[PDB]
Amino acid sequence: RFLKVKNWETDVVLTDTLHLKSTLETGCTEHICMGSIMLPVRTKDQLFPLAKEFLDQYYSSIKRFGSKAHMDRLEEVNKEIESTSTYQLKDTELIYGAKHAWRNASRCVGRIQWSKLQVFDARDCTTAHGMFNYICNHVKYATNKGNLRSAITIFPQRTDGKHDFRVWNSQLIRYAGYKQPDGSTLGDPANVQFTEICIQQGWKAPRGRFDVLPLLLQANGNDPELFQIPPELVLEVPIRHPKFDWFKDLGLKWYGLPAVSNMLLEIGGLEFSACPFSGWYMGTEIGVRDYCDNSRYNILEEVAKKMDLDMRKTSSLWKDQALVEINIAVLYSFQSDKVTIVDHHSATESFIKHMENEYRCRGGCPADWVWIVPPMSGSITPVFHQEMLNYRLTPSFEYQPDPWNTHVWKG
Amino acid sequence: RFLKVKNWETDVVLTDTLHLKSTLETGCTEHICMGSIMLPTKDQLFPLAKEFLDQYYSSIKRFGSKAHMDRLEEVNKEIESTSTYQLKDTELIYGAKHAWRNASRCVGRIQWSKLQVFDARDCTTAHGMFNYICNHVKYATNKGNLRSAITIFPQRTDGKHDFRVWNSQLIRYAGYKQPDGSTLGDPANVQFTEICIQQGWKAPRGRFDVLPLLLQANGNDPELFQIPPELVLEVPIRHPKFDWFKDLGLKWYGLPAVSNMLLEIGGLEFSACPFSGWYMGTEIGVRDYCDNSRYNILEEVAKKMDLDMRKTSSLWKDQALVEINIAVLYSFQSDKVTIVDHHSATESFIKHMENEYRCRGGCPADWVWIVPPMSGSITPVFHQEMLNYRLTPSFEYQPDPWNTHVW
Ligand code: HEM
Ligand code: HEM
Ligand SMILES: Nc1ccc2ccc(CCNCCc3cccc(F)c3)cc2n1
Ligand SMILES: Nc1ccc2ccc(CCNCCc3cccc(F)c3)cc2n1
Ligand SMILES: C[C@H](O)[C@H](O)[C@H]1CNc2nc(N)[nH]c(=O)c2N1
Ligand SMILES: C[C@H](O)[C@H](O)[C@H]1CNc2nc(N)[nH]c(=O)c2N1
Ligand SMILES: [Zn+2]
């Protein structure tokens with residue numbers, strides 16, 4: 001069975017067959033759509049089938065399906081699963097793995113870049129100090145002095161679920177949040193809980209509005225350890241505006257490297273619970289969400305006051321005007337300091353080109369419209385008008401529980 | 001079984017049970033989500049009729065009363081003989097208000113129970129339908145103080161006798177192709193406009209020409225009618241700060257009145273059921289004005305604002321977009337014509353979801369349609385999880401009458 005999707009601006013219609021290769025469940029049924037819900041030890045039994053499916057896909061992509069090398073690899077992986085209950089990916093399969101997980105990530109608008117992903121193999125790592133070293137290199141290579149390069153570092157895969165590697169941070173670079181006694185928050189409200197776990201673990205907090213958190217790193221199931229990232233490795237950008245001189249006086253900055261460190265990477269049934277990855281920013285992530293979400297830095301009012309808009313009635317659209325101002329400032333500041341960034345018009349146009357290409361070369365592109373459409377100016381980007389089909393392929397990036405809720409403490 | 005929805009901005013959590021009363025299907029499967037697809041006999045009629053009367057009687061608190069079982073027998077007999085049945089007035093008003101209540105794509109449902117229902121089931125001809133339509137337009141316009149209403153024509157019987165309004169809205173601007181190659185007026189309505197011209201309409205061929213009504217009674221060829229211009233309230237679009245904005249020569253009409261949907265109540269199909277409320281600002285300023293396939297005026301405005309249009313990253317579109325919408329709101333408010341902004345309408349809708357969760361056990365909502373087409377994340381709906389499901393009575397799409405009719 002085939003499925004068509006229509007772009008309602010261009011009337012271009014595309015035919016999906018890729019959805020047939022999908023297994024994992026979406027969460028919806030014929031009677032209910034869960035398209036807007038934010039969230040979606042494995043046994044030897046369930047493992048060979050998963051490995052086989054992955055190797056069939058790997059060997060197809062390199063035009064060696066059914067080859068002698070294909071059959072021997074399958075034989076060898078099966079022998080390794082029965083003897084040891086798990087197996088080890090070759091380098092090449094890992095690289096292929098990590099690339100396909102990004103390519104398969106239906107909420108990522110940046111997937112046109114999926115095949116340029118520098119993969120660092122940290123599976124020989126055994127200790128939290130080793131993890132810190134691997135993370136510094138990643139950050140140094142990814143940043144590349146403002147000319148960002150996508151990368152991912154992959155720590156040993158899960159074994160019995162009791163020896164897991166985890167990065168306790170949600171991103172490698174993120175600002176502290178502190179709840180004050182009077183109920184206000186200083187710094188970033190999204191990071192208060194984690195900030196508190198750093199303090200308790202012995203971090204001496206500076207207590208400002210923009211303090212880069214320390215790394216909290218768990219090797220082999222052991223209690224996690226604190227490490228400060230060398231500041232010379234943390235590239236940060238002061239935010240100013242090209243026309244409004246008072247903007248600089250709001251004291252805002254952001255860091256340049258967005259580096260998600262809390263997802264789980266699944267490849268051929270193997271689970272990599274520590275797999276930090278990095279790209280570069282679309283401007284709306286910082287300007288709309290980080291700065292203007294009511295539950296984050298929430299600077300809308302302060303900016304509107306300084307612009308002197310009519311804040312007495314919402315129908316003045318003062319909120320909408322202040323928001324476009326902040327986003328202009330964000331992009332202006334990055335471009336001036338020569339730090340890679342993409343605006344939402346350019347990223348969405350890329351994405352539609354990527355999606356057509358994928359329907360042609362691959363037979364489909366899973367895409368999550370709720371996440372792909374940008375959080376400002378949605379209908380003037382071409383993604384608003386594109387029908388999209390969302391389904392789950394592997395390899396994949398998955399959510400996982402916060403480590404502080406599951407970890408057994410040693411003391 | 002019972003499902004939770006969380007608001008990520010405020011952490012309010014609501015539990016949904018109403019979905020277990022869903023009848024129709026979504027288009028999704030647990031393998032594929034279809035959230036973003038725009039559109040996905042005597043035997044059948046009795047369960048449908050029964051379902052409907054069951055919730056009607058329970059709503060007025062007489063479920064399983066003499067009166068309940070009485071009506072159930074009665075409609076049961078009428079189906080068995082006539083192979084259809086007629087709704088009582090009160091059931092008809094209940095059905096229509098609930099079709100709005102259940103419209104998961106509608107952000108304006110906090111108003112659902114203030115709907116004026118006009119019963120036109122005694123209508124027989126296109127002139128009759130015209131008369132009902134003007135009464136509806138004048139009542140709902142109310143000289144700028146807008147009132148929700150729906151007018152209900154006779155229900156489908158054999159499908160060769162259908163009542164239909166061929167317009168997609170009762171008030172819509174014409175669209176013409178040109179020698180030039182591109183489009184004067186509204187591109188959305190280029191097709192319908194030629195059916196009118198190929199019908200007899202003399203078009204003024206302007207940018208903002210109110211379309212004639214094309215009305216079909218009992219399956220006959222449809223007939224043109226001009227709406228008295230005195231019943232068409234229109235707003236000149238000016239800006240509270242930019243003097244040159246008035247010289248763009250833009251206007252829009254006060255009354256949004258969708259006329260091409262099908263109302264389904266207790267298995268009965270009402271294929272002509274035009275209804276109207278009032279605008280959210282973004283429908284005109286974001287979609288009608290700035291869609292690439294619509295009036296598409298973003299560059300013309302950006303220009304007049306002397307913004308740097310050299311690269312996408314100056315956010316000149318975003319800048320021009322805001323100014324346009326400020327002007328729509330300003331104009332409607334200055335001319336005393338009811339309008340709602342996206343901040344206000346979404347804050348209401350969150351209040352409505354809350355009400356519905358506690359009084360009904362849920363509220364079907366379609367996030368893709370409820371989040372406004374500008375500034376999504378600074379509105380509270382953006383952060384609200386929503387469950388989408390299909391309840392009846394309902395409004396449904398139906399195919400264009402020109403693809404189906406015979407001359
Ligand atoms: C190269 C520049 C990139 C850009 C501009 C980009 C853009 C984005 C954006 C804007 C989002 C939504 C984020 C949000 O609203 O919170 C996203 C989601 C995501 N992207 Fe990317 N992306 C990039 C690179 C990458 C890389 C290198 C990977 C992994 C190798 C990745 C995997 C994902 C995943 C897994 C999600 C979904 C996250 C979730 O469900 O919470 N992306 N992408
Ligand atoms: C009173 C003021 C009202 C407001 C502000 C309002 C708001 C809206 C908006 C903004 C949309 C999406 C529009 C679009 O993007 O095309 C919509 C969809 C809809 N509303 Fe309303 N609404 C109102 C009254 C009504 C009434 C009176 C009814 C019927 C009694 C109704 C039924 C619907 C339906 C069926 C849809 C979805 C149509 C589709 O799937 O194409 N609404 N509403
Ligand atoms: N620019 C980029 C590049 C890669 C990315 C990869 C992943 C992400 C997503 C990280 N954000 C998670 C935020 C979240 C999600 C779900 C619930 C929450 F409370 C918070 C953003 C990215 N941005
Ligand atoms: N302000 C209001 C009030 C009631 C409304 C009732 C319905 C509507 C939207 C109806 N339009 C259908 C749009 C559509 C759908 C599918 C294909 C298309 F080309 C166009 C808008 C409303 N706006
Ligand atoms: C409730 C809702 O699904 C949730 O707020 C989503 C909406 N769309 C999103 N889209 C992106 N890119 N990022 C997000 O964090 C969200 N949040
Ligand atoms: C492809 C996508 O489903 C389509 O553009 C939808 C998106 N969301 C929408 N939301 C509203 N309110 N109105 C619309 O017409 C649309 N169009
Ligand atoms: Zn779905």
# chains A, B, ... in the order shown; residues from 1 in each chain; ligands from 1
>>> residues_near_ligand(ligand="ligand 5", cutoff="10 Å", atoms="only C-alpha atoms and all ligand atoms", output="PyMOL selection string")
(chain A and resi 34-39+107-109+284-285+289+368-375) or (chain B and resi 5-9+367-368+371+376-377+380-386)
>>> interface_residues(of="chain A", to="chain B", cutoff="7 Å", atoms="only C-alpha atoms", output="ChimeraX atom specification")
/A:9,22-23,25-37,293,295,314-317,320-321,324,328,331,343,345-346,369-370,375-380,387-391
>>> residues_around(residues="region 253-265 of chain A", least_positions_apart="2", cutoff="6 Å", atoms="only C-alpha atoms", output="JSON, numbers by chain")
{"A": [170, 171, 172, 235, 236, 237, 238, 239, 271, 272, 273, 276, 277, 278, 280, 396, 397, 398, 399]}
>>> select_by_dssp(residues="region 268-402 of chain A", states="alpha helix (DSSP H)", output="PyMOL selection string")
chain A and resi 283-284+291-292+300-307+318-336+344-361+369-372
>>> residues_around(residues="region 397-405 of chain B", least_positions_apart="6", cutoff="10 Å", atoms="only C-alpha atoms", output="PyMOL selection string")
chain B and resi 39+160+162+164-168+192+195+216+219-222+260-263+271
>>> closest_atom_pairs(of="chain B", to="ligand 2", cutoff="7 Å", atoms="only C-alpha atoms and all ligand atoms", output="tab-separated table")
residue	atom	partner	partner_atom_place_in_ligand_line	distance
B:96	CA	ligand 2	30 (C)	6.9
B:97	CA	ligand 2	30 (C)	6.6
B:100	CA	ligand 2	30 (C)	4.6
B:103	CA	ligand 2	35 (C)	5.1
B:105	CA	ligand 2	37 (C)	4.8
B:106	CA	ligand 2	43 (N)	3.6
B:107	CA	ligand 2	7 (C)	4.8
B:108	CA	ligand 2	6 (C)	3.9
B:109	CA	ligand 2	22 (N)	6.5
B:111	CA	ligand 2	1 (C)	6.3
B:115	CA	ligand 2	27 (C)	6.6
B:148	CA	ligand 2	27 (C)	4.9
B:149	CA	ligand 2	27 (C)	6.0
B:150	CA	ligand 2	30 (C)	6.3
B:275	CA	ligand 2	29 (C)	5.5
B:276	CA	ligand 2	27 (C)	4.9
B:277	CA	ligand 2	1 (C)	3.8
B:278	CA	ligand 2	2 (C)	4.4
B:279	CA	ligand 2	5 (C)	5.0
B:280	CA	ligand 2	5 (C)	4.9
B:283	CA	ligand 2	10 (C)	6.2
B:340	CA	ligand 2	5 (C)	6.4
B:345	CA	ligand 2	5 (C)	6.7
B:369	CA	ligand 2	12 (C)	6.2
B:395	CA	ligand 2	35 (C)	5.4
>>> write_last_selection(atoms="N, CA, C and O atoms", output="mmCIF file, in the first residue's frame")
data_model
loop_
_atom_site.group_PDB
_atom_site.id
_atom_site.type_symbol
_atom_site.label_atom_id
_atom_site.label_comp_id
_atom_site.auth_asym_id
_atom_site.auth_seq_id
_atom_site.Cartn_x
_atom_site.Cartn_y
_atom_site.Cartn_z
ATOM 1 N N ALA B 96 -27.108 21.039 16.334
ATOM 2 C CA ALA B 96 -26.246 22.064 15.741
ATOM 3 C C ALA B 96 -25.200 22.627 16.724
ATOM 4 O O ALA B 96 -24.036 22.853 16.345
ATOM 5 N N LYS B 97 -25.608 22.878 17.981
ATOM 6 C CA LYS B 97 -24.737 23.464 18.992
ATOM 7 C C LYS B 97 -23.654 22.494 19.354
ATOM 8 O O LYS B 97 -22.496 22.903 19.663
ATOM 9 N N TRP B 100 -20.866 22.142 16.719
ATOM 10 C CA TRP B 100 -19.849 23.188 17.007
ATOM 11 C C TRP B 100 -19.016 22.781 18.181
ATOM 12 O O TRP B 100 -17.774 22.844 18.121
ATOM 13 N N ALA B 103 -16.414 20.368 17.130
ATOM 14 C CA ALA B 103 -15.521 20.744 16.020
ATOM 15 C C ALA B 103 -14.043 20.898 16.510
ATOM 16 O O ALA B 103 -13.617 21.979 16.988
ATOM 17 N N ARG B 105 -11.218 21.362 15.374
ATOM 18 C CA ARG B 105 -10.369 22.313 14.725
ATOM 19 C C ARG B 105 -10.712 23.729 15.040
ATOM 20 O O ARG B 105 -9.953 24.598 14.641
ATOM 21 N N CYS B 106 -11.811 23.971 15.778
ATOM 22 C CA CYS B 106 -12.297 25.310 16.045
ATOM 23 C C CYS B 106 -11.788 25.879 17.349
ATOM 24 O O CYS B 106 -12.114 25.378 18.393
ATOM 25 N N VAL B 107 -11.065 26.995 17.311
ATOM 26 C CA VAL B 107 -10.517 27.597 18.488
ATOM 27 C C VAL B 107 -11.586 28.432 19.202
ATOM 28 O O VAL B 107 -11.392 28.867 20.373
ATOM 29 N N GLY B 108 -12.697 28.725 18.512
ATOM 30 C CA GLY B 108 -13.646 29.665 19.045
ATOM 31 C C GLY B 108 -14.822 28.992 19.746
ATOM 32 O O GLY B 108 -15.890 29.575 19.824
ATOM 33 N N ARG B 109 -14.657 27.747 20.211
ATOM 34 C CA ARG B 109 -15.770 27.035 20.812
ATOM 35 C C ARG B 109 -16.202 27.468 22.244
ATOM 36 O O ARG B 109 -17.249 27.020 22.733
ATOM 37 N N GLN B 111 -17.787 29.756 22.846
ATOM 38 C CA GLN B 111 -19.089 30.368 22.569
ATOM 39 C C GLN B 111 -20.154 29.341 22.207
ATOM 40 O O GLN B 111 -21.255 29.713 21.784
ATOM 41 N N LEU B 115 -25.530 29.872 20.092
ATOM 42 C CA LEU B 115 -25.644 29.759 18.627
ATOM 43 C C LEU B 115 -27.112 30.022 18.320
ATOM 44 O O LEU B 115 -27.932 29.447 18.954
ATOM 45 N N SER B 148 -23.140 34.803 16.421
ATOM 46 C CA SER B 148 -23.161 33.485 15.772
ATOM 47 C C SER B 148 -24.506 32.981 15.292
ATOM 48 O O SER B 148 -25.495 33.022 16.040
ATOM 49 N N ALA B 149 -24.518 32.345 14.097
ATOM 50 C CA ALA B 149 -25.754 31.742 13.672
ATOM 51 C C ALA B 149 -25.508 30.638 12.627
ATOM 52 O O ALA B 149 -24.500 30.631 11.962
ATOM 53 N N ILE B 150 -26.484 29.765 12.412
ATOM 54 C CA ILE B 150 -26.397 28.761 11.365
ATOM 55 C C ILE B 150 -27.818 28.734 10.839
ATOM 56 O O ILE B 150 -28.720 28.976 11.624
ATOM 57 N N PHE B 275 -22.940 28.601 8.287
ATOM 58 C CA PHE B 275 -22.873 29.135 9.654
ATOM 59 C C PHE B 275 -21.814 30.247 9.757
ATOM 60 O O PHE B 275 -20.963 30.339 8.900
ATOM 61 N N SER B 276 -21.856 31.086 10.798
ATOM 62 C CA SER B 276 -21.006 32.215 10.788
ATOM 63 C C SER B 276 -20.735 32.578 12.218
ATOM 64 O O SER B 276 -21.548 32.296 13.082
ATOM 65 N N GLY B 277 -19.531 33.118 12.472
ATOM 66 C CA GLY B 277 -19.326 33.736 13.758
ATOM 67 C C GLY B 277 -18.619 35.037 13.470
ATOM 68 O O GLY B 277 -19.169 35.931 12.840
ATOM 69 N N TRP B 278 -17.367 35.130 13.880
ATOM 70 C CA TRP B 278 -16.592 36.370 13.640
ATOM 71 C C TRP B 278 -15.118 36.020 13.590
ATOM 72 O O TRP B 278 -14.712 34.925 14.030
ATOM 73 N N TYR B 279 -14.320 36.948 13.088
ATOM 74 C CA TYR B 279 -12.944 36.618 12.736
ATOM 75 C C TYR B 279 -11.999 36.611 13.912
ATOM 76 O O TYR B 279 -12.092 37.422 14.876
ATOM 77 N N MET B 280 -11.013 35.712 13.793
ATOM 78 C CA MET B 280 -9.739 35.907 14.513
ATOM 79 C C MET B 280 -8.856 36.701 13.573
ATOM 80 O O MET B 280 -8.813 36.411 12.379
ATOM 81 N N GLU B 283 -6.655 35.096 10.629
ATOM 82 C CA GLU B 283 -7.193 34.475 9.444
ATOM 83 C C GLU B 283 -7.104 35.417 8.252
ATOM 84 O O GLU B 283 -6.879 34.968 7.123
ATOM 85 N N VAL B 340 -11.420 39.092 17.062
ATOM 86 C CA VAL B 340 -10.629 38.668 18.201
ATOM 87 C C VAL B 340 -9.135 38.496 17.811
ATOM 88 O O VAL B 340 -8.811 37.992 16.718
ATOM 89 N N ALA B 345 -8.073 34.789 21.786
ATOM 90 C CA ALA B 345 -8.845 33.631 21.396
ATOM 91 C C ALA B 345 -8.209 32.343 21.962
ATOM 92 O O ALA B 345 -8.918 31.371 22.332
ATOM 93 N N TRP B 369 -4.385 22.639 13.753
ATOM 94 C CA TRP B 369 -5.332 23.718 13.449
ATOM 95 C C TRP B 369 -5.532 24.721 14.598
ATOM 96 O O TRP B 369 -5.796 25.894 14.363
ATOM 97 N N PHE B 395 -19.703 18.624 11.923
ATOM 98 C CA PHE B 395 -19.563 19.180 10.585
ATOM 99 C C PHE B 395 -18.489 18.446 9.814
ATOM 100 O O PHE B 395 -17.400 18.247 10.327
#
>>> select_by_dssp(residues="region 52-135 of chain B", states="strand (DSSP E or B)", output="list in words")
residues 116, 117, 118 and 119 of chain B
>>> residues_around(residues="residue 177 (chain B)", least_positions_apart="4", cutoff="12 Å", atoms="only C-alpha atoms", output="MDAnalysis selection string")
chainID B and resid 181:191 193:194 205:207
>>> closest_residue(among="A:147, A:7, A:83, A:104", to="residue 19 (chain A)", atoms="only C-alpha atoms")
A:104
>>> residues_around(residues="residue 242 (chain B)", least_positions_apart="4", cutoff="12 Å", atoms="only C-alpha atoms", output="compact mmCIF listing (two decimals) with N, CA, C and O atoms, in the first residue's frame")
# COMPACT_ATOMS: atom_id res chain seq x y z
N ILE B 237 -8.75 48.83 5.44
CA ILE B 237 -7.60 48.51 6.34
C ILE B 237 -6.57 49.66 6.42
O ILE B 237 -5.89 50.01 5.41
N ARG B 238 -6.52 50.31 7.59
CA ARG B 238 -5.50 51.33 7.86
C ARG B 238 -4.61 50.96 9.09
O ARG B 238 -4.95 50.01 9.86
N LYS B 246 -3.06 52.98 4.57
CA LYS B 246 -4.34 53.19 3.89
C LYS B 246 -4.25 53.21 2.31
O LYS B 246 -5.11 52.66 1.64
N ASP B 247 -3.18 53.75 1.74
CA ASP B 247 -3.00 53.73 0.27
C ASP B 247 -2.64 52.40 -0.39
O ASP B 247 -2.56 52.33 -1.62
N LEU B 248 -2.38 51.36 0.38
CA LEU B 248 -2.31 50.04 -0.22
C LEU B 248 -3.68 49.63 -0.81
O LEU B 248 -3.74 48.75 -1.66
N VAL B 301 4.32 45.49 1.12
CA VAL B 301 4.38 46.14 2.43
C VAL B 301 5.84 46.35 2.90
O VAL B 301 6.18 47.45 3.34
N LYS B 304 7.35 49.28 1.23
CA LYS B 304 6.81 50.53 1.78
C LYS B 304 7.38 50.84 3.17
O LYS B 304 7.49 52.00 3.55
N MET B 305 7.77 49.81 3.92
CA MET B 305 8.47 49.99 5.18
C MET B 305 9.99 50.17 5.02
O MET B 305 10.69 50.33 6.04
N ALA B 320 7.10 42.64 8.57
CA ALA B 320 5.97 43.09 7.79
C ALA B 320 4.71 42.33 8.24
O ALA B 320 3.64 42.94 8.44
N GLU B 323 3.07 43.90 11.27
CA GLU B 323 2.47 45.22 11.02
C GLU B 323 1.12 45.10 10.33
O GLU B 323 0.16 45.73 10.78
N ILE B 324 1.04 44.27 9.29
CA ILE B 324 -0.23 43.88 8.69
C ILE B 324 -1.34 43.45 9.69
O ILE B 324 -2.47 43.93 9.65
N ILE B 326 -1.43 44.01 12.93
CA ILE B 326 -1.75 45.11 13.83
C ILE B 326 -2.82 45.97 13.15
O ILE B 326 -3.74 46.46 13.84
N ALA B 327 -2.70 46.13 11.82
CA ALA B 327 -3.59 47.00 11.05
C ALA B 327 -4.97 46.42 10.91
O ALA B 327 -5.96 47.17 10.92
N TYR B 330 -6.66 46.88 14.37
CA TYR B 330 -6.91 48.29 14.53
C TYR B 330 -8.17 48.79 13.77
O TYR B 330 -8.98 49.57 14.29
>>> closest_residue(among="B:67, B:40, B:138, B:156", to="ligand 4", atoms="only C-alpha atoms and all ligand atoms")
B:40
>>> residues_around(residues="region 180-185 of chain A", least_positions_apart="6", cutoff="10 Å", atoms="only C-alpha atoms", output="ChimeraX atom specification")
/A:192,209,296-297
>>> write_last_selection(atoms="N, CA and C atoms", output="PDB file, in the first residue's frame")
ATOM      1  N   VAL A 192      16.808  24.392  37.023  1.00  0.00           N
ATOM      2  CA  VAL A 192      16.834  24.513  38.475  1.00  0.00           C
ATOM      3  C   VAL A 192      17.094  23.155  39.127  1.00  0.00           C
ATOM      4  N   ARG A 209      23.100  35.090  36.358  1.00  0.00           N
ATOM      5  CA  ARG A 209      22.031  34.800  35.431  1.00  0.00           C
ATOM      6  C   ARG A 209      22.498  33.922  34.280  1.00  0.00           C
ATOM      7  N   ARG A 296      10.846  30.239  30.882  1.00  0.00           N
ATOM      8  CA  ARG A 296      12.325  30.334  30.669  1.00  0.00           C
ATOM      9  C   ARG A 296      12.780  31.725  31.033  1.00  0.00           C
ATOM     10  N   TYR A 297      13.635  32.368  30.249  1.00  0.00           N
ATOM     11  CA  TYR A 297      14.121  33.690  30.712  1.00  0.00           C
ATOM     12  C   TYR A 297      13.032  34.775  30.689  1.00  0.00           C
TER      13      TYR A 297
END
>>> decode(residues="region 301-317 of chain B", atoms="N, CA, C and O atoms", output="CSV table (one decimal), in the first residue's frame")
chain,number,residue,atom,x,y,z
B,301,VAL,N,4.3,45.5,1.1
B,301,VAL,CA,4.4,46.1,2.4
B,301,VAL,C,5.8,46.4,2.9
B,301,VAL,O,6.2,47.5,3.3
B,302,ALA,N,6.7,45.3,2.8
B,302,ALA,CA,8.1,45.4,3.3
B,302,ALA,C,8.8,46.6,2.7
B,302,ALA,O,9.5,47.3,3.3
B,303,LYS,N,8.6,46.7,1.4
B,303,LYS,CA,9.1,47.7,0.5
B,303,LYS,C,8.7,49.1,1.1
B,303,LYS,O,9.5,49.9,1.3
B,304,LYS,N,7.3,49.3,1.2
B,304,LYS,CA,6.8,50.5,1.8
B,304,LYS,C,7.4,50.8,3.2
B,304,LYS,O,7.5,52.0,3.5
B,305,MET,N,7.8,49.8,3.9
B,305,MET,CA,8.5,50.0,5.2
B,305,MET,C,10.0,50.2,5.0
B,305,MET,O,10.7,50.3,6.0
B,306,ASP,N,10.5,50.1,3.8
B,306,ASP,CA,12.0,50.2,3.5
B,306,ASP,C,12.8,49.3,4.4
B,306,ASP,O,13.8,49.6,4.9
B,307,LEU,N,12.4,48.0,4.5
B,307,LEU,CA,13.2,47.0,5.2
B,307,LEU,C,14.2,46.4,4.3
B,307,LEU,O,14.1,46.5,3.1
B,308,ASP,N,15.3,45.8,4.9
B,308,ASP,CA,16.3,45.2,4.1
B,308,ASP,C,15.8,43.8,3.7
B,308,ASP,O,15.8,42.8,4.5
B,309,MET,N,15.5,43.7,2.4
B,309,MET,CA,14.9,42.5,1.8
B,309,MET,C,15.9,41.7,1.0
B,309,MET,O,15.6,40.8,0.3
B,310,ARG,N,17.2,42.0,1.3
B,310,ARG,CA,18.3,41.3,0.6
B,310,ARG,C,18.5,39.9,1.1
B,310,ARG,O,18.8,39.0,0.3
B,311,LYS,N,18.4,39.6,2.4
B,311,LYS,CA,18.5,38.2,2.8
B,311,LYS,C,17.4,37.8,3.8
B,311,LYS,O,16.9,38.7,4.5
B,312,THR,N,17.1,36.5,3.8
B,312,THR,CA,16.0,36.1,4.6
B,312,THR,C,16.2,36.5,6.1
B,312,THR,O,15.3,36.7,6.9
B,313,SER,N,17.5,36.6,6.6
B,313,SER,CA,17.7,36.7,8.0
B,313,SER,C,17.6,38.1,8.6
B,313,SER,O,17.8,38.2,9.9
B,314,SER,N,17.2,39.1,7.9
B,314,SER,CA,16.8,40.3,8.5
B,314,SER,C,15.4,40.2,9.1
B,314,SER,O,14.9,41.1,9.8
B,315,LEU,N,14.7,39.1,8.9
B,315,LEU,CA,13.3,38.8,9.3
B,315,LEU,C,12.4,40.0,8.9
B,315,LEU,O,11.5,40.3,9.6
B,316,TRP,N,12.6,40.5,7.7
B,316,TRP,CA,11.7,41.5,7.0
B,316,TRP,C,10.3,40.9,6.8
B,316,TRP,O,9.3,41.6,7.0
B,317,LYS,N,10.1,39.6,6.5
B,317,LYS,CA,8.8,39.0,6.4
B,317,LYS,C,8.1,39.0,7.7
B,317,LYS,O,6.9,39.4,7.9
